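Visitor: Provided herewith is a single structure, encoded as structure tokens, for subsequent inquiry.
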Protein chains: 2
Amino acid sequence: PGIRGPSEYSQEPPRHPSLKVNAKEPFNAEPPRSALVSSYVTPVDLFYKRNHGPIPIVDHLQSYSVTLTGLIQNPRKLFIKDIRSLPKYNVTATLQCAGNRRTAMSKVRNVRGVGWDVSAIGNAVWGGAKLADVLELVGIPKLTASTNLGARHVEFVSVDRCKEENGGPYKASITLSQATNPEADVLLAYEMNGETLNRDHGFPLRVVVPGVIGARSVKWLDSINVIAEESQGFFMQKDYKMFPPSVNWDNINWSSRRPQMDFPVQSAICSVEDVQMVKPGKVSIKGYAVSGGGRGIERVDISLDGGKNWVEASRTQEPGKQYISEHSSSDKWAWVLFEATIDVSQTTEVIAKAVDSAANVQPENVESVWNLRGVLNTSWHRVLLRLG
Amino acid sequence: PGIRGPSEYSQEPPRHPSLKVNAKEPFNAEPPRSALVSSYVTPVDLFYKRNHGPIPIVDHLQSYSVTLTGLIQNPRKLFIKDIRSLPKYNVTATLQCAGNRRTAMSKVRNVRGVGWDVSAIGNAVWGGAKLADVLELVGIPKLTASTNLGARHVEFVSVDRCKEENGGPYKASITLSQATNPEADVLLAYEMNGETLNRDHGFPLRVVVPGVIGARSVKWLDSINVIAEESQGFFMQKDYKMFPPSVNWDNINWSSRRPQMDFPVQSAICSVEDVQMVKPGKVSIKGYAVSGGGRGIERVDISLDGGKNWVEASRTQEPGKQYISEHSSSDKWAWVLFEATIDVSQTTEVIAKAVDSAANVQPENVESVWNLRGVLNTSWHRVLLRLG
Ligand code: MTQ
Ligand code: MTQ
Ligand SMILES: [Cs+]
Ligand SMILES: [Cs+]
Ligand SMILES: [Cs+]
Ligand SMILES: [Cs+]
């Protein structure tokens, strides 16, 4: 034991004051819209924070370890020294919380849960060890779907403490396939944006699962548990699922839906507020677009006339570099930043929507995708510009 | 030379007479709706047929070969005997033509091209050698993105002859990443539904690229050409791209869009016609749903009231087996068949839409996704039931 998960909030780390706080305990927060999109790589200070419990505190860093157990030949135990000695990779990858844009779905028909605007999302450079390498180390070769021992899934278990698990830890799981395929870039990350991982973001070690919803990138690892069936954790089985609009608290059956992993094409306008005063002339419409599953953004469309007509915005990743969608130069796990300059002379509704590399679209209206958990609001984002 | 590509249509193979023919020369055809969905595995007789030119004819089977050239150490030449001696795989995979459902898009605003109804799609068991294995044979190891010789793409060149290429061959390409990853199941297929591959479908050898539009699964292979940049073939650069609705023949710039590979969530009702007479009582609404990229179908929704309310249809792959979406038992490259029994007492509009494992949705209206080439019509399919 080099680390503990507190059961109360007295030793929480400090955060940037500019953060819009959606829940204090546990800590759930997001940057102001106008700062989200200022840079392609999200500074740690401004990277959104989503926690189900108190933040773990490390008393003694050497003596911290991740335990490799379950359907494995030799249940080893891996120290932070051991993880840093594996071949290091740097993966650029956006974490988007499945809760992103929930508040606007709630406004239409109420949802229980923490409120989020348009910034429950962040892009960072993750440094660490590939999970496939770590599993090779324990007798599970690369590109394996299942083993002779019955292994099919990999469960990541935290050291934190959540009310929902009655004081137990946050957990998630992924398939052995995904875990064991180095091209899927699942990372045991000990670094974020070139610095040592912070407390808020999972120090000393988190999993990062690219192209998958935020909720699966488990922070503050206690164990990596190789198992026969998917994790039966509360947050795999009784959350983070996409129900149809007909489903409510009286008819919900949690086993009727599969756990959400991949996520669909998303965009939002960030350079202006949902209802914003402007001076006549040129206004810069800037924002983000992403899709899960390693799919890029082929197109961002912007409309000034209630969606009769669209004009195409520009798209960019690393600044200077030209963005190309299904391409070896592109950062396939990361968002894409969009900009369009428009001419305003009158009170104007502006709308943004994105289309990904697989030609997937965003739903026109929240109503068609409205869901009980208030997740994956990918409605066309509509903003209103007014003449002040 | 054991095979040739004709320049004229005098030696075309026979087809099933039930086929609805959309163009005779070259041969472009699709089964009647009502037969499409009778079985999970589409019989070869009824599997849709899409050709840009005359069908190649083989005069001498031994002496046919595929040539491995380009950015490769030892330009080998591989005979059909050699391909069959590699480890055989059987992959279940749906080919959907990017042109599927084009005619309905054209009704709204005219598109140039061959007309298709709802059946430019088919599901089969493909037998052959993995392309990753074949490339390993020529010194390119598995899970490579690029090589020291500058290789980044793999181009498949046919032996056929197309007007568009001025008598030259149909070609496509994929990334070295996709080609070389055995989990992507790219196959050099010599078998289809347990029999030897037909002429129509590429005898003796075609590529099948799962989870990617039909157009990339190049038939009647002449050469597998490892190269530094994407193929400059006509059908990669000047076709099979997804343009926004504002693009027309006066403003089109082909380099403005990337070549379409993955495709989005699609469904159609097949057990009844777009306008159909029924007797009061119980009517079975049966169809297909698919998505590209190895994504499953999480949900199919059916509405009888103009899309105010939806009820969930059932979903099935292999009969008897229970379909589960992101699961080891599921056929991730294959379509999903849906059925719902409904009660009709009155004249009724029925609507079907699907939602994939990544929670991607279908666009409500063609207008929003209308495009010049008339590809990837994934509009909600609406049918009209009348009281006769
Ligand atoms: N140990 C641990 N405890 C958590 O509550 C926990 N929650 C997260 C969810 S649920 Mo969601 O609501 O799909 S977004 C999200 C991210 C947030 O990463 P970060 O704080 O570092 O921005 O951490 C995931 N990882 C976790 N790990
Ligand atoms: N050699 C060759 N010539 C073709 O014209 C050719 N066209 C195809 C397209 S273009 Mo599309 O417009 O996206 S659907 C489709 C499929 C059809 O395979 P099959 O006919 O056996 O169903 O083969 C692709 N492979 C090809 N291979
Ligand atoms: Cs431990
Ligand atoms: Cs890159
Ligand atoms: Cs050849
Ligand atoms: Cs399977």
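Every chain in the structure tokens takes a letter, A first, then B, and so on in the order presented; its residues are numbered from 1, and the ligands are numbered from 1 following the presented order.
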Please, which residues in chain A fall within 7 Å of chain B when counting only C-alpha atoms, and what is the closest atom pair and distance in Å to one decimal for each, ordered by chain then residue number, as CSV?
Guide:
residue,atom,partner,partner_atom,distance
A:261,CA,B:358,CA,6.9
A:262,CA,B:358,CA,4.5
A:263,CA,B:358,CA,4.6
A:264,CA,B:360,CA,5.1
A:357,CA,B:262,CA,7.0
A:358,CA,B:263,CA,4.5
A:359,CA,B:264,CA,5.6
A:360,CA,B:264,CA,5.1
A:361,CA,B:363,CA,6.5
A:363,CA,B:363,CA,6.5
Visitor: Given a cut-off of 9 Å, what residues near ligand 6 show up using only C-alpha atoms and all ligand atoms, put as a list in words?
Guide: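 So the residues close to ligand 6 are residues 92, 327, 328, 329, 330, 331 and 332 of chain B.
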Visitor: Next, write the just-selected residues to a file, as a PDB file, in the first residue's frame, keeping N, CA, C and O atoms as the atom set.
Guide:
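Here's the written file again_32.pdb:
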ATOM      1  N   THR B  92     -16.927 -13.670 -42.471  1.00  0.00           N
ATOM      2  CA  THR B  92     -18.267 -13.301 -42.825  1.00  0.00           C
ATOM      3  C   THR B  92     -18.301 -11.774 -42.925  1.00  0.00           C
ATOM      4  O   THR B  92     -17.930 -11.048 -42.003  1.00  0.00           O
ATOM      5  N   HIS B 327     -19.362  -7.751 -29.312  1.00  0.00           N
ATOM      6  CA  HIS B 327     -19.263  -9.040 -28.630  1.00  0.00           C
ATOM      7  C   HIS B 327     -18.545 -10.036 -29.471  1.00  0.00           C
ATOM      8  O   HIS B 327     -18.594 -10.019 -30.663  1.00  0.00           O
ATOM      9  N   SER B 328     -17.845 -10.904 -28.798  1.00  0.00           N
ATOM     10  CA  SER B 328     -17.027 -11.909 -29.451  1.00  0.00           C
ATOM     11  C   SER B 328     -17.836 -12.861 -30.342  1.00  0.00           C
ATOM     12  O   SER B 328     -17.376 -13.331 -31.326  1.00  0.00           O
ATOM     13  N   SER B 329     -19.065 -13.161 -29.960  1.00  0.00           N
ATOM     14  CA  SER B 329     -19.998 -14.048 -30.759  1.00  0.00           C
ATOM     15  C   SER B 329     -20.598 -13.408 -32.051  1.00  0.00           C
ATOM     16  O   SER B 329     -21.051 -14.108 -32.949  1.00  0.00           O
ATOM     17  N   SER B 330     -20.583 -12.080 -32.103  1.00  0.00           N
ATOM     18  CA  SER B 330     -21.090 -11.292 -33.237  1.00  0.00           C
ATOM     19  C   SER B 330     -20.126 -11.215 -34.398  1.00  0.00           C
ATOM     20  O   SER B 330     -18.935 -11.346 -34.246  1.00  0.00           O
ATOM     21  N   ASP B 331     -20.729 -11.127 -35.578  1.00  0.00           N
ATOM     22  CA  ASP B 331     -20.051 -11.020 -36.877  1.00  0.00           C
ATOM     23  C   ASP B 331     -19.935  -9.534 -37.218  1.00  0.00           C
ATOM     24  O   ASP B 331     -20.800  -8.974 -37.838  1.00  0.00           O
ATOM     25  N   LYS B 332     -18.847  -8.899 -36.793  1.00  0.00           N
ATOM     26  CA  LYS B 332     -18.762  -7.437 -36.759  1.00  0.00           C
ATOM     27  C   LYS B 332     -18.694  -6.791 -38.192  1.00  0.00           C
ATOM     28  O   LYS B 332     -18.954  -5.594 -38.395  1.00  0.00           O
TER      29      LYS B 332
END
Visitor: Which polymer residues have any atom within 10 Å of an atom of residue 286 (chain B), counting only C-alpha atoms, with same-chain residues fewer than 2 positions away left out, as a list in words?
Guide: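 Contacts, with the query itself left out: residues 34, 37, 38, 268, 269, 270, 271, 272, 283, 284, 288, 313, 314, 315, 337, 338, 339, 340, 341 and 352 of chain B.
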Visitor: Can you list, as a short mmCIF file (atom, residue, chain, number, x, y, z; two decimals) with C-alpha atoms, in the first residue's frame, every residue of region 20-112 of chain B that DSSP puts in strand (DSSP E)?
Guide:
data_model
loop_
_atom_site.label_atom_id
_atom_site.label_comp_id
_atom_site.auth_asym_id
_atom_site.auth_seq_id
_atom_site.Cartn_x
_atom_site.Cartn_y
_atom_site.Cartn_z
CA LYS B 20 -33.56 -6.33 -61.17
CA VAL B 21 -31.17 -4.94 -63.82
CA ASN B 22 -30.15 -1.34 -63.46
CA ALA B 23 -27.64 -1.35 -66.28
CA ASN B 28 -25.13 -3.63 -62.64
CA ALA B 29 -27.93 -5.48 -60.80
CA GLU B 30 -29.60 -6.12 -57.46
CA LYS B 49 -23.60 -7.35 -59.07
CA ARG B 50 -21.68 -4.13 -59.66
CA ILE B 57 -12.57 -14.57 -68.68
CA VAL B 58 -9.97 -17.15 -67.66
CA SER B 65 -1.11 -15.24 -61.11
CA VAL B 66 -1.15 -12.16 -58.88
CA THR B 67 2.03 -10.08 -59.06
CA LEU B 68 3.48 -8.54 -55.93
CA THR B 69 5.42 -5.44 -57.01
CA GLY B 70 6.42 -1.94 -55.99
CA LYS B 77 4.71 -13.55 -58.50
CA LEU B 78 2.03 -15.65 -56.80
CA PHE B 79 0.05 -18.41 -58.48
CA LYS B 88 -7.09 -20.32 -44.99
CA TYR B 89 -9.56 -18.03 -43.20
CA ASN B 90 -13.32 -17.76 -43.49
CA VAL B 91 -14.63 -14.22 -42.90
CA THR B 92 -18.27 -13.30 -42.83
CA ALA B 93 -18.60 -9.83 -44.35
CA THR B 94 -21.12 -7.60 -45.91
CA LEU B 95 -20.39 -5.71 -49.08
CA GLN B 96 -22.48 -2.65 -49.44
#
Visitor: Mind pulling up the distance from CA of residue 104 (chain A) to atom 14 (S, counted along the ligand's line) of ligand 1?
Guide: 17.5 Å
Visitor: Write out as number ranges by chain all residues of region 79-246 of chain B that backbone DSSP assigns to helix (DSSP H, G or I).
Guide: B: 80-84, 102-108, 131-136, 163-165, 176-180, 182-184, 214-216, 234-237
Visitor: Using only C-alpha atoms, can you tell me which of B:176, B:248, B:191, B:316 comes closest to residue 370 (chain B)?
Guide: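 Between B:176, B:248, B:191, B:316, the residue approaching residue 370 (chain B) most closely is B:248.
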Visitor: Measuring between only C-alpha atoms and all ligand atoms, which one of B:165, B:343, B:136, B:200 shows the shortest distance to ligand 2?
Guide: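 Checking each candidate against ligand 2, we get B:200 as the closest.
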Visitor: With only C-alpha atoms as the counted atoms, please give the residues lying no more than 9 Å from residue 129 (chain B), apart from itself and same-chain residues fewer than 3 positions off, as a list in words.
Guide: residues 83, 84, 85, 86, 87, 88, 89, 90, 132, 133, 134, 186, 187, 188, 189 and 190 of chain B
Visitor: Generate a file of the selected residues that holds C-alpha atoms, formatted as a PDB file, in the first residue's frame.
Guide:
ATOM      1  CA  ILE B  83      -2.435 -18.416 -52.426  1.00  0.00           C
ATOM      2  CA  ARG B  84      -4.423 -21.614 -51.462  1.00  0.00           C
ATOM      3  CA  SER B  85      -1.402 -23.003 -49.574  1.00  0.00           C
ATOM      4  CA  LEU B  86      -1.375 -19.998 -47.188  1.00  0.00           C
ATOM      5  CA  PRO B  87      -3.456 -20.334 -44.017  1.00  0.00           C
ATOM      6  CA  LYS B  88      -7.094 -20.323 -44.988  1.00  0.00           C
ATOM      7  CA  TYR B  89      -9.561 -18.031 -43.204  1.00  0.00           C
ATOM      8  CA  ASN B  90     -13.324 -17.758 -43.491  1.00  0.00           C
ATOM      9  CA  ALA B 132      -1.283  -9.600 -43.923  1.00  0.00           C
ATOM     10  CA  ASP B 133       0.111 -13.185 -44.372  1.00  0.00           C
ATOM     11  CA  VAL B 134       0.823 -12.539 -48.063  1.00  0.00           C
ATOM     12  CA  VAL B 186      -8.415  -7.985 -45.393  1.00  0.00           C
ATOM     13  CA  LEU B 187      -8.659 -11.102 -47.501  1.00  0.00           C
ATOM     14  CA  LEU B 188      -7.492 -12.357 -50.837  1.00  0.00           C
ATOM     15  CA  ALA B 189     -10.590 -14.400 -51.435  1.00  0.00           C
ATOM     16  CA  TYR B 190     -10.851 -17.398 -53.824  1.00  0.00           C
TER      17      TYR B 190
END
Visitor: All residues within 9 Å of ligand 1 are required, counting only C-alpha atoms and all ligand atoms; please report them as a VMD selection string.
Guide: chain A and resid 26 28 to 30 47 to 56 95 to 100 114 120 to 122 156 to 162 169 to 172 200 to 202 206 to 208 212 to 222 235 240 375
Visitor: Please determine, counting only C-alpha atoms, which residue among B:111, B:285, B:227, B:71 has the shortest atom-to-atom distance to residue 385 (chain B).
Guide: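 Closest to residue 385 (chain B), using only C-alpha atoms: B:285.
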Visitor: What's around residue 237 (chain A) at 7 Å? Count only C-alpha atoms, leave out sequence neighbours fewer than 4 positions away in its own chain, and write the answer as a PyMOL selection string.
Guide: chain A and resi 232-233+254+259
Visitor: Which residue gives the smallest distance to residue 238 (chain B) among B:379, B:255, B:347, B:73, with only C-alpha atoms counted?
Guide: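 Closest residue, counting only C-alpha atoms: B:255.
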Visitor: Measuring atom to atom with only C-alpha atoms and all ligand atoms, identify which of A:344, A:80, A:289, A:366 is nearest to ligand 3.
Guide: A:80
